[PDB]
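Everything below concerns the one structure shown next.
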Amino acid sequence: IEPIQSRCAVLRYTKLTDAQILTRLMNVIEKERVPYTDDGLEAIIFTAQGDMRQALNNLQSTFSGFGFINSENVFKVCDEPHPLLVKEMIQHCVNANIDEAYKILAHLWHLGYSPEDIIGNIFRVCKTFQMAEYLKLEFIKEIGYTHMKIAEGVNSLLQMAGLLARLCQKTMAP
Amino acid sequence: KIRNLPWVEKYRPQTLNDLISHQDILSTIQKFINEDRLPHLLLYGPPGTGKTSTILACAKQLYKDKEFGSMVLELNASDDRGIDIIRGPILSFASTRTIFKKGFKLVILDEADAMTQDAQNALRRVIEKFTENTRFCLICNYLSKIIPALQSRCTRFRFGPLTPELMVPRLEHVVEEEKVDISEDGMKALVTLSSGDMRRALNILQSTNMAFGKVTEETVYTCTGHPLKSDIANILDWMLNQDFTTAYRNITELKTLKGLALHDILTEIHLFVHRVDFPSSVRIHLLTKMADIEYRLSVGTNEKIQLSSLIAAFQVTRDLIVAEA
Amino acid sequence: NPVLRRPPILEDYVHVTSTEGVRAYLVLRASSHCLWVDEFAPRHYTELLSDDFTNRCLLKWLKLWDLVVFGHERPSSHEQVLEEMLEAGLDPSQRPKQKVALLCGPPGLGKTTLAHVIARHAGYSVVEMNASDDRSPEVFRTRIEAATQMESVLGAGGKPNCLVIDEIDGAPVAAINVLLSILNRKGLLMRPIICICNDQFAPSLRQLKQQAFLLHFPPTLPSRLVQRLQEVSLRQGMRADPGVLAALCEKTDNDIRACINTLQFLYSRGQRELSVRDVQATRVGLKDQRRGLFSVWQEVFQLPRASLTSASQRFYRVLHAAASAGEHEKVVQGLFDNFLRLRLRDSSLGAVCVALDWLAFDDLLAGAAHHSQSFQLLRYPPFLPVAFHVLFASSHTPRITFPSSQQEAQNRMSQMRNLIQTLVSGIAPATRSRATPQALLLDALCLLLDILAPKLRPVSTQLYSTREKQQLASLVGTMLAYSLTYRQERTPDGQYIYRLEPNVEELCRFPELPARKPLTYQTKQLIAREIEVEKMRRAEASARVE
Amino acid sequence: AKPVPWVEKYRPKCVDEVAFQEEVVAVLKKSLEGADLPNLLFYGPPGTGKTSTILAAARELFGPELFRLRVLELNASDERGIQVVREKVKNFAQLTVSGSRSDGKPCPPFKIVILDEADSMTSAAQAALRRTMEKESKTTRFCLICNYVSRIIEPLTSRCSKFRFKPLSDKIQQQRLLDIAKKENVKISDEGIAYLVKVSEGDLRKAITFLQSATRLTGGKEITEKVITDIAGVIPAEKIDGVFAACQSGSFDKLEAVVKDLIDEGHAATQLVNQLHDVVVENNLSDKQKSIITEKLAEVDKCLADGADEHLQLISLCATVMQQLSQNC
Amino acid sequence: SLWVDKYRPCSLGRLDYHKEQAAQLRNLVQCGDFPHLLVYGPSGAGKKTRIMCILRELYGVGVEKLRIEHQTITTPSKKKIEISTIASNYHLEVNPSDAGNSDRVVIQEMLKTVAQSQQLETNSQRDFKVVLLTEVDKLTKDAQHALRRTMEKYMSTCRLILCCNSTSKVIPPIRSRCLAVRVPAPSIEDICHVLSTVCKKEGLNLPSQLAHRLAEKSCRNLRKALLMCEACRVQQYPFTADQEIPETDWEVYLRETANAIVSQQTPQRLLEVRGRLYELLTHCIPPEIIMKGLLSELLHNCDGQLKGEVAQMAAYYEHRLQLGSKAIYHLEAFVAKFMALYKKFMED
DNA sequence: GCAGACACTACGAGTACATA
Ligand SMILES: Nc1ncnc2c1ncn2[C@@H]1O[C@H](COP(=O)(O)OP(=O)(O)OP(O)(O)=S)[C@@H](O)[C@H]1O
Ligand SMILES: Nc1ncnc2c1ncn2[C@@H]1O[C@H](COP(=O)(O)OP(=O)(O)OP(O)(O)=S)[C@@H](O)[C@H]1O
Ligand SMILES: Nc1ncnc2c1ncn2[C@@H]1O[C@H](COP(=O)(O)OP(=O)(O)OP(O)(O)=S)[C@@H](O)[C@H]1O
Ligand SMILES: Nc1ncnc2c1ncn2[C@@H]1O[C@H](COP(=O)(O)OP(=O)(O)O)[C@@H](O)[C@H]1O
Ligand SMILES: [Mg+2]
Ligand SMILES: [Mg+2]
Ligand SMILES: [Mg+2]
């Protein structure tokens, strides 16, 4: 509440820069004697996404499972972050390109992601995406209309493809 | 001895070697167990991929049968898991020692997506403060229902869908131990209709073995009720080649003779549309139309009218496709 | 081209045929011991930082209490109402007509500081009530009765007890009821009570505002605030030019406590000169502010006056502040009640149509969240005020009123449903089953009221015709079947009228309809008299039959 | 010796009396022989036999003396919250299987939990059922009955072996109705039974109800086709031809007049949608006109499924097909 | 007593219209094994008269001796709700739509207590009881889904006669379980015959032209027609051919609201129309009847190439109204869309 | 030995809210 925040110096922490994670990664690596490559540590930083707990967890998992930090050893047990692909698929939906958007949607579907998580990351990407304001508003309305159908019980690849096609229709309908 | 159990519970991977698909994740988990450094796990993925069985094999490997009640506190959605439980029994289990033998404890929280946000917020410092004495495993299907603090505290392993290449030998083992006659197309139909889920594959195998006694593509597609690929191709050929009354008569005759449902027809037609080299506008219109029909079938609607609309969605775009040239 | 006239040679193909029968092919594949807010805290009256009026008003309110407490005759727009009410006189109990003073405003101005300074200045002894007490109604009652209803234990020369109740808005409804019960004892209240709150529009402080000395706190002026921050920085021996102090004042919302705490964190002892980029950074001193409803509606309906001209920044600002305000239903009601009163430039009503689409989308989302128990659908109705801001962005000065049409419509609908339930229950069960209340309301009320009110001459029953007697008896029977009667009613103008006991004319008549001739006083009195004598005759007939 | 209506009098008492659901009947028959009965999920159109199959099966497996101690039947007519699933279903599933049949017939070593009408169960209450079936399946079995499988969550769908109850074919429904008519001392013509199996559309409960009601209406004489037509609410063809004549006229006044005629004569809009669609898919209209008329028919049938007003949906559908018929004029 | 209740028929053989249906209902309930009934049709057709005639045929003459019964039911939220109930010595009538969204609690608790209890006297009263569920089209889907097993388990002991206006609002699980009985509205000649018989039984004379105008103005509603016939008797005893028939206030208020819609298409006129719709909604008029009256009057002032789009617009916004919860949003959206379409039509 | 007084926990009741 506001009276508690007025009683303090409200300090605000930002998400960690990759070099700031990288320095403590050097620290943990030299006290733990972890063999590594540079690209594997960029993969660890990419999987962490500003989270130092996730960086240490993924580094320990890659060191315990394989004993060496390259890119494909990291990506064998960790995963690429989900909304970085959702940003490119929303960008493909912006230029009314249904084929690449469905390619990314089917890739995320075959990875085992539930429709709720996919539509939530779609809404978070469309929240901060760079387009027109009215186009963003009708996109958010379409996302909520599809999320109603997801919530009532019907959740298949056909509903998500229909959402993608309606988002492509919103661009071509001024 | 013989037991009266379903085949999805009679044949359970009690050890980590009996699971098939996620070999790198299970190798890392076995190296965590063997080096006595198992962290807080977050096992998430689609259903039927083996997340409960993995942690049950881990708990069976870590602790013997004479001390299993003193080490594993397993709580799922069937039990009440409120903030009273997190501040009560879970905290007292986490903050105390073991009765019989010295070792680290394990708190398994199955269906952690169904927990409230108050319990998940109260779970953070129980995980962080007592990480030397006990480890917490959260198993969920939806990662969006878990707060980001719990996702940060627990290292996540995505138990993705089971690919049909490594899913075959487990079904072969179940077939060999169950004395089941199965052809190659029957196993192909099992691993196709299962779609990355070993639970419904065993359910389909048991239901087809009880219904027919044999597992063939005809028997599997009859017991499940799914349409075959040739009939979906024929339905697409009728919708793209002939006029409204003849295609309607052909599809209605096929649906009456085979006893098909429109949901599986819509799913397979949606899969066949993206393979067929359609124009972008035609594909967008078709996807919107089949989304409307599949939404419409979720209520007390007439299926014949929706089938006529399914034919209509292709009869609209036939002229557009032909005049596109 | 995705469509091939010639068939593919190697790839699989799917045929497509039009209605004209031609073919096409596709592909299937102690300086250091204290806070700076406490070290620089005011101890005298002359070092207060509030608005001067509010200080004069509180001091003059406390200085008139001397006649009853100290036993001395001599002590030594919102402006006009407060100046009139101070000199309004006294009731016959030598005590003020306002028995408590309510201090309202945003946090961080000095309401508690002004209350304590004024109480210690007027010879009183401060008794502090806070939210850290139990605040149960019995505990509240005994603590007010202990603070206000006895004198000091020291006897002569003991300072009288001034009850200061901080955070009265967090008190329950029964605590305010206990306070108003001890306020209106006619055991009289002999000591002043000061109440301090952060929001006057709380539902628990509705009655208090009709009885208190309502003191509204404006935000502090930037000049006095910057000068006081300069005194604070100079007493600590460090330099900050007044541009960065004005930036801190604009960032912390005229807050003395937040600015002094932010200066205490940013100064420390490593450096002496404050940089502008440190204050302009968001990493320290920024707090989320609970915006008011009217500020949210003003920021939605009015564009900011002229960087900050980008539309995406206005989108994010409107969305974040409308989410940070809270009470989303009241914001939706205000947007519904205020978007048709603007000078709309969309004469084709497309913006109004899509705004109503957005409102129906919000309503559908609320129903789907409250029906399927899926509350993750509530992330989108925060985008309704930013949709209204995008649609109706204007540079004018709109007069935003409070929403009340939906609430008065719901109250009126509940009142007419209660009236319908009253009408149905009086009807005998033989004829209640023959028609639903919906069909009786839609079909059998206005025509029923046309049956009950015919053309009747002001003539006594002895001079009436036999047809008139049959009509009168039939109408009295229809009145008695539906359990209706006329009664006496009083009017402030001084005349008597007759009206139905179930007043079903409001269920029937509509305001914009043309008028119809009602029955007269003679006719209505005569009908009510036959209703009573028909009830008596029916009782006599029931006694004769049984 | 009280009378009993024919839908309950001819309710299957055993598994062999269930019609046309051959795969699931064979599955329960092998479970009757002693095979491993899995967790069942029954879904399909109404009147197909989802409740009666599992009730006759449980009567076959348990008999009369063990139905109360081994079968817990829960429907939407009683309370099924999160607490009923957490307490009552879990305490029943944690019970012991004790008590054998006294007639010498074999007794299965499990209990049966019948959660009929499981669409009405919440998503939270369905999530509490998952490890109840995963843990206590040694001593109990679960059978969820629903109409729409989309209302069942994907863990519960994956846990239960799904059997889809197909709509009944014309032949099997014809023999079942003829056997019921033979057992009841009543007679019906070939055209009458053909119109009965055309009207019922795979609903055996509706067919038995119409046959019983025609028997009571006629009193015991010949059940002809006309009593079937006036007992089913089937709109006569003259009204449909009048509707199409008003649509081909191109004026909204005659369209309103015939829509008000059809509304005031009590004809349901579902029957009008069905008969209108049957006329449109079997005439000489163009493919585009048939396409958007059938799309409007689908959206009007959907709008009637959420309980919208009859008159406005009928006037919208009639306006759309009026515009389609008068576009080519 | 009014004319709608004084001259209601008692037995099935006294009905002046739908006599063949009366004989069919006489033959239907004679044996006693008749299934659940779904009496549906337009309002004012005579559905409740036929249901009470069926109840008179089954039991004695004791089905006309009714009483008001009150029952308090406990919600899952532990809030007590009182529901009224017409009950007799043989049958009982429930209106669960008076409980609002808590009709599912009424079905789950009130109906099971009636259905699970066998009748106290088995010789005077018959082997089964009848429960009258009136206005099941206004029932929520949860209450209808809670209804179905009660109509299957205790059917041979507790019979049901469901009454509604539209069977589209009834779920097909309920619609499969009950035999649908269609009661159409009487035509102009049947309403004229009923009005002439009522006027002759009262000693009056009714012309054919006035009875015809009363029949057309009631829109085939016999209750409404008898009410305006009684009102026309009250206002003027000489029944002239051109005697003015009184009208209900909400219908002419809806007509003036639609006239105000047609007269101006501006945002402040939209605000005034929203105030008129608030006045209509606060008088407990259902919103679908407001939409029907709006389409009935606004189509008189539309041109011939505009009526179809207005009809489709009204149906679409009525469906969105039935999907939503707040009526004023969808009503004002329909009005605003009509003003936009009317302005685009007139300006071009 | 039995009546009165003390604090103790279990239970009933009212209210708020559920998103990024
Ligand atoms: N990887 C696997 N290898 C072998 N059998 C498997 C595998 N995954 C699932 N199964 C079979 O499917 C059954 C159910 O597996 P579970 O571990 O319960 O699935 P799950 O991961 O828990 O999915 P949810 O989200 O809990 S429904 C097991 O008892 C096995 O018979
Ligand atoms: N003139 C002043 N110079 C410096 N500090 C001051 C001055 N006046 C007040 N303060 C400090 O600023 C704060 C004033 O706020 P308070 O009176 O304690 O609470 P409030 O202003 O009523 O706001 P809330 O709602 O209680 S958080 C205290 O910490 C005082 O020490
Ligand atoms: N396959 C069938 N074989 C024999 N009689 C059947 C069959 N299906 C339905 N019936 C008859 O119709 C009645 C109703 O069948 P039910 O099993 O209740 O239908 P249902 O599957 O439960 O439909 P829903 O989904 O509950 S509305 C039974 O009592 C039988 O008299
Ligand atoms: N056969 C008939 N003969 C005379 N009057 C009738 C007849 N049928 C109905 N009525 C009158 O018409 C009105 C119709 O109302 P009701 O019977 O409740 O049907 P609904 O429930 O459809 O309104 C009743 O008030 C009744 O008095
Ligand atoms: Mg599991
Ligand atoms: Mg204060
Ligand atoms: Mg059933």
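Following the order of the structure tokens, chains are lettered A, B, ..., residues in each are numbered from 1, and ligands are numbered from 1.
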7 Å shell around ligand 1 using only C-alpha atoms (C1' of nucleotides) and all ligand atoms, listed as number ranges by chain = B: 7-9, 11-13, 18-21, 45-54, 140-141, 162, 170, 197-199; D: 155, 158-159
Dump as a PDB file, in the first residue's frame, selection limited to N, CA and C atoms:
```
ATOM      1  N   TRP B   7      -4.145 -51.397 -17.855  1.00  0.00           N
ATOM      2  CA  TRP B   7      -2.808 -51.573 -18.413  1.00  0.00           C
ATOM      3  C   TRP B   7      -1.957 -50.314 -18.294  1.00  0.00           C
ATOM      4  N   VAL B   8      -2.574 -49.160 -18.024  1.00  0.00           N
ATOM      5  CA  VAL B   8      -1.817 -47.938 -17.760  1.00  0.00           C
ATOM      6  C   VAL B   8      -1.296 -47.876 -16.334  1.00  0.00           C
ATOM      7  N   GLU B   9      -1.718 -48.796 -15.473  1.00  0.00           N
ATOM      8  CA  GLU B   9      -1.230 -48.892 -14.106  1.00  0.00           C
ATOM      9  C   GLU B   9      -0.581 -50.229 -13.793  1.00  0.00           C
ATOM     10  N   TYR B  11       1.334 -51.747 -16.037  1.00  0.00           N
ATOM     11  CA  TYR B  11       2.635 -51.548 -16.669  1.00  0.00           C
ATOM     12  C   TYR B  11       3.057 -50.104 -16.421  1.00  0.00           C
ATOM     13  N   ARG B  12       3.695 -49.882 -15.275  1.00  0.00           N
ATOM     14  CA  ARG B  12       4.218 -48.596 -14.866  1.00  0.00           C
ATOM     15  C   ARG B  12       5.734 -48.672 -14.738  1.00  0.00           C
ATOM     16  N   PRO B  13       6.463 -47.679 -15.252  1.00  0.00           N
ATOM     17  CA  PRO B  13       7.929 -47.719 -15.176  1.00  0.00           C
ATOM     18  C   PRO B  13       8.454 -47.471 -13.771  1.00  0.00           C
ATOM     19  N   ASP B  18      12.934 -47.962 -17.539  1.00  0.00           N
ATOM     20  CA  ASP B  18      11.754 -48.407 -18.266  1.00  0.00           C
ATOM     21  C   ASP B  18      11.049 -47.275 -19.005  1.00  0.00           C
ATOM     22  N   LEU B  19      11.339 -46.020 -18.668  1.00  0.00           N
ATOM     23  CA  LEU B  19      10.853 -44.910 -19.473  1.00  0.00           C
ATOM     24  C   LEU B  19      11.675 -44.800 -20.755  1.00  0.00           C
ATOM     25  N   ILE B  20      11.042 -44.281 -21.803  1.00  0.00           N
ATOM     26  CA  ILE B  20      11.508 -44.463 -23.172  1.00  0.00           C
ATOM     27  C   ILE B  20      12.097 -43.181 -23.762  1.00  0.00           C
ATOM     28  N   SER B  21      11.406 -42.051 -23.612  1.00  0.00           N
ATOM     29  CA  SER B  21      11.638 -40.929 -24.520  1.00  0.00           C
ATOM     30  C   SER B  21      12.748 -39.985 -24.061  1.00  0.00           C
ATOM     31  N   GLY B  45       4.929 -30.688 -18.680  1.00  0.00           N
ATOM     32  CA  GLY B  45       4.724 -31.151 -20.031  1.00  0.00           C
ATOM     33  C   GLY B  45       3.286 -31.548 -20.298  1.00  0.00           C
ATOM     34  N   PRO B  46       3.023 -32.080 -21.490  1.00  0.00           N
ATOM     35  CA  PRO B  46       1.681 -32.585 -21.814  1.00  0.00           C
ATOM     36  C   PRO B  46       1.371 -33.844 -21.021  1.00  0.00           C
ATOM     37  N   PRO B  47       0.090 -34.186 -20.850  1.00  0.00           N
ATOM     38  CA  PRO B  47      -0.257 -35.376 -20.063  1.00  0.00           C
ATOM     39  C   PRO B  47       0.182 -36.674 -20.726  1.00  0.00           C
ATOM     40  N   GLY B  48       0.412 -37.683 -19.887  1.00  0.00           N
ATOM     41  CA  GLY B  48       0.781 -39.004 -20.348  1.00  0.00           C
ATOM     42  C   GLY B  48       2.229 -39.181 -20.736  1.00  0.00           C
ATOM     43  N   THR B  49       3.094 -38.217 -20.430  1.00  0.00           N
ATOM     44  CA  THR B  49       4.490 -38.294 -20.835  1.00  0.00           C
ATOM     45  C   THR B  49       5.398 -38.919 -19.784  1.00  0.00           C
ATOM     46  N   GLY B  50       4.918 -39.122 -18.561  1.00  0.00           N
ATOM     47  CA  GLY B  50       5.718 -39.809 -17.566  1.00  0.00           C
ATOM     48  C   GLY B  50       6.378 -38.915 -16.540  1.00  0.00           C
ATOM     49  N   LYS B  51       5.640 -37.936 -16.021  1.00  0.00           N
ATOM     50  CA  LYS B  51       6.176 -37.054 -14.991  1.00  0.00           C
ATOM     51  C   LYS B  51       5.965 -37.609 -13.587  1.00  0.00           C
ATOM     52  N   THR B  52       4.793 -38.190 -13.321  1.00  0.00           N
ATOM     53  CA  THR B  52       4.552 -38.843 -12.037  1.00  0.00           C
ATOM     54  C   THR B  52       5.417 -40.088 -11.878  1.00  0.00           C
ATOM     55  N   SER B  53       5.537 -40.880 -12.947  1.00  0.00           N
ATOM     56  CA  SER B  53       6.304 -42.120 -12.896  1.00  0.00           C
ATOM     57  C   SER B  53       7.792 -41.860 -12.709  1.00  0.00           C
ATOM     58  N   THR B  54       8.295 -40.743 -13.246  1.00  0.00           N
ATOM     59  CA  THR B  54       9.700 -40.382 -13.074  1.00  0.00           C
ATOM     60  C   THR B  54      10.021 -40.099 -11.610  1.00  0.00           C
ATOM     61  N   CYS B 140       3.451 -30.254 -12.946  1.00  0.00           N
ATOM     62  CA  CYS B 140       2.311 -29.522 -13.469  1.00  0.00           C
ATOM     63  C   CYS B 140       2.191 -29.785 -14.962  1.00  0.00           C
ATOM     64  N   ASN B 141       1.017 -29.478 -15.507  1.00  0.00           N
ATOM     65  CA  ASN B 141       0.821 -29.486 -16.950  1.00  0.00           C
ATOM     66  C   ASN B 141       0.855 -28.093 -17.554  1.00  0.00           C
ATOM     67  N   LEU B 162       5.902 -37.772 -26.413  1.00  0.00           N
ATOM     68  CA  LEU B 162       6.671 -38.969 -26.720  1.00  0.00           C
ATOM     69  C   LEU B 162       6.634 -39.225 -28.220  1.00  0.00           C
ATOM     70  N   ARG B 170       8.254 -49.957 -26.030  1.00  0.00           N
ATOM     71  CA  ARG B 170       7.474 -50.134 -24.806  1.00  0.00           C
ATOM     72  C   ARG B 170       6.135 -50.802 -25.098  1.00  0.00           C
ATOM     73  N   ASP B 197       1.344 -39.717 -26.183  1.00  0.00           N
ATOM     74  CA  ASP B 197       0.681 -40.010 -24.916  1.00  0.00           C
ATOM     75  C   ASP B 197       0.645 -41.523 -24.764  1.00  0.00           C
ATOM     76  N   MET B 198       1.467 -42.058 -23.861  1.00  0.00           N
ATOM     77  CA  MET B 198       1.506 -43.501 -23.656  1.00  0.00           C
ATOM     78  C   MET B 198       0.353 -44.019 -22.813  1.00  0.00           C
ATOM     79  N   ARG B 199      -0.420 -43.143 -22.170  1.00  0.00           N
ATOM     80  CA  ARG B 199      -1.567 -43.615 -21.405  1.00  0.00           C
ATOM     81  C   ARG B 199      -2.710 -44.021 -22.325  1.00  0.00           C
TER      82      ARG B 199
ATOM     83  N   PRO D 155      -6.216 -34.341 -18.705  1.00  0.00           N
ATOM     84  CA  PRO D 155      -5.821 -35.467 -17.834  1.00  0.00           C
ATOM     85  C   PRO D 155      -6.902 -36.515 -17.618  1.00  0.00           C
ATOM     86  N   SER D 158      -7.275 -38.429 -20.854  1.00  0.00           N
ATOM     87  CA  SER D 158      -6.160 -39.352 -21.036  1.00  0.00           C
ATOM     88  C   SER D 158      -6.244 -40.545 -20.093  1.00  0.00           C
ATOM     89  N   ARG D 159      -6.788 -40.353 -18.889  1.00  0.00           N
ATOM     90  CA  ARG D 159      -6.880 -41.443 -17.923  1.00  0.00           C
ATOM     91  C   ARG D 159      -7.963 -42.459 -18.258  1.00  0.00           C
TER      92      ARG D 159
END
```
query = Can I get the residues close to ligand 3 as a ChimeraX atom specification, where close means within 9 Å and we count only C-alpha atoms (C1' of nucleotides) and all ligand atoms?
reply = /D:6-12,16-21,42-55,116-117,145-147,165,168,173,176,202-209 /E:148-149,152,172-177
Please identify every residue of chain C that has at least one atom no farther than 8 Å from an atom of ligand 4, counting only C-alpha atoms and all ligand atoms, and for each give the shortest atom pair and the distance in Å to one decimal, arranged by chain then increasing number, as JSON lines.
```
{"residue": "C:434", "atom": "CA", "partner": "ligand 4", "partner_atom_place_in_ligand_line": "18 (O)", "distance": 5.2}
{"residue": "C:435", "atom": "CA", "partner": "ligand 4", "partner_atom_place_in_ligand_line": "18 (O)", "distance": 5.3}
{"residue": "C:436", "atom": "CA", "partner": "ligand 4", "partner_atom_place_in_ligand_line": "21 (O)", "distance": 7.9}
{"residue": "C:439", "atom": "CA", "partner": "ligand 4", "partner_atom_place_in_ligand_line": "23 (O)", "distance": 7.3}
```
C-alpha atoms of the current selection, written as a PDB file, in the first residue's frame:
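Now in part-v5.pdb:
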```
ATOM      1  CA  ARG C 434     -53.619 -19.453 -13.852  1.00  0.00           C
ATOM      2  CA  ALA C 435     -51.036 -16.818 -14.840  1.00  0.00           C
ATOM      3  CA  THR C 436     -47.340 -16.244 -14.234  1.00  0.00           C
ATOM      4  CA  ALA C 439     -47.660 -12.653 -18.006  1.00  0.00           C
TER       5      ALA C 439
END
```
task = Run DSSP on the backbone and give me the residues of segment 46-269 of chain E it puts in helix (DSSP H, G or I), as an MDAnalysis selection string.
result = chainID E and resid 47:58 62:64 96:115 141:147 150:153 167:169 172:177 188:201 208:217 222:235 249:263 267:269
request  = State, in Å with one decimal place, the distance from atom CA of residue 7 of chain E to atom CA of residue 186 of chain E.
outcome  =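 Going from atom CA of residue 7 of chain E over to atom CA of residue 186 of chain E covers 16.6 Å.
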message = Can you pull out every residue with an atom within 6 Å of ligand 2? Use only C-alpha atoms (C1' of nucleotides) and all ligand atoms and format it as an MDAnalysis selection string.
response = (chainID A and resid 3) or (chainID C and resid 37:38 40:42 47:49 107:113 198 256:257)
query = Near residue 228 of chain D, within 9 Å and counting only C-alpha atoms (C1' of nucleotides), which residues show up once chain neighbours fewer than 6 positions away are dropped, as a PyMOL selection string?
reply = chain D and resi 192-193+195-196+199+210-211+214+234
Could you write out that same residue set with N, CA and C atoms as a JSON list (two decimals), in the first residue's frame?
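As a result, out05.json now contains:
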```json
[["chain", "number", "residue", "atom", "x", "y", "z"],
["D", 192, "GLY", "N", -45.07, -45.97, -41.40],
["D", 192, "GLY", "CA", -45.07, -45.40, -40.06],
["D", 192, "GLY", "C", -43.77, -45.65, -39.32],
["D", 193, "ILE", "N", -43.25, -46.88, -39.39],
["D", 193, "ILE", "CA", -41.99, -47.17, -38.70],
["D", 193, "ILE", "C", -40.81, -46.53, -39.44],
["D", 195, "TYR", "N", -41.00, -43.63, -40.88],
["D", 195, "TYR", "CA", -41.04, -42.19, -40.55],
["D", 195, "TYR", "C", -40.62, -42.04, -39.09],
["D", 196, "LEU", "N", -40.89, -43.06, -38.29],
["D", 196, "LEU", "CA", -40.45, -43.02, -36.89],
["D", 196, "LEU", "C", -38.93, -43.06, -36.78],
["D", 199, "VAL", "N", -37.62, -39.68, -38.00],
["D", 199, "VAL", "CA", -37.82, -38.58, -37.06],
["D", 199, "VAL", "C", -36.86, -38.69, -35.87],
["D", 210, "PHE", "N", -42.20, -41.85, -28.65],
["D", 210, "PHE", "CA", -43.16, -41.58, -29.72],
["D", 210, "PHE", "C", -44.02, -42.80, -30.02],
["D", 211, "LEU", "N", -43.43, -44.00, -29.99],
["D", 211, "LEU", "CA", -44.19, -45.23, -30.21],
["D", 211, "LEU", "C", -45.22, -45.46, -29.11],
["D", 214, "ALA", "N", -47.98, -42.76, -29.48],
["D", 214, "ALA", "CA", -48.88, -43.08, -30.59],
["D", 214, "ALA", "C", -49.78, -44.26, -30.24],
["D", 234, "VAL", "N", -43.72, -32.30, -36.87],
["D", 234, "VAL", "CA", -43.11, -32.08, -38.17],
["D", 234, "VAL", "C", -43.92, -31.04, -38.93]]
```
key: strand (DSSP E) residues, from DSSP on the backbone, in segment 183-379 of chain C, as JSON, numbers by chain   = {"C": [193, 194, 195, 196, 213, 214, 215, 216]}
Using the selection just defined, write its residues with C-alpha atoms as a PDB file, in the first residue's frame.
```pdb
ATOM      1  CA  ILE C 193     -11.798  14.225  19.120  1.00  0.00           C
ATOM      2  CA  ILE C 194      -9.650  14.449  15.974  1.00  0.00           C
ATOM      3  CA  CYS C 195     -10.102  11.791  13.281  1.00  0.00           C
ATOM      4  CA  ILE C 196      -7.536  11.310  10.504  1.00  0.00           C
ATOM      5  CA  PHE C 213     -15.520  19.509  10.620  1.00  0.00           C
ATOM      6  CA  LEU C 214     -14.492  18.389   7.135  1.00  0.00           C
ATOM      7  CA  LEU C 215     -10.903  19.488   6.497  1.00  0.00           C
ATOM      8  CA  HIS C 216      -9.604  18.650   3.017  1.00  0.00           C
TER       9      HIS C 216
END
```
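Minimum atom-to-atom distances from C:68, C:365, C:103, C:156 to chain E were compared using only C-alpha atoms, and the lowest value belongs to C:365.
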Within 12 Å of chain E, which residues belong to chain F? Use only C-alpha atoms (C1' of nucleotides) and report them as a PDB file with C-alpha atoms (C1' of nucleotides), in the first residue's frame.
```
ATOM      1  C1'  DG F  12     -20.445 -20.247  13.102  1.00  0.00           C
ATOM      2  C1'  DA F  13     -20.597 -16.034  10.461  1.00  0.00           C
ATOM      3  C1'  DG F  14     -19.474 -11.998   7.511  1.00  0.00           C
TER       4       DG F  14
END
```
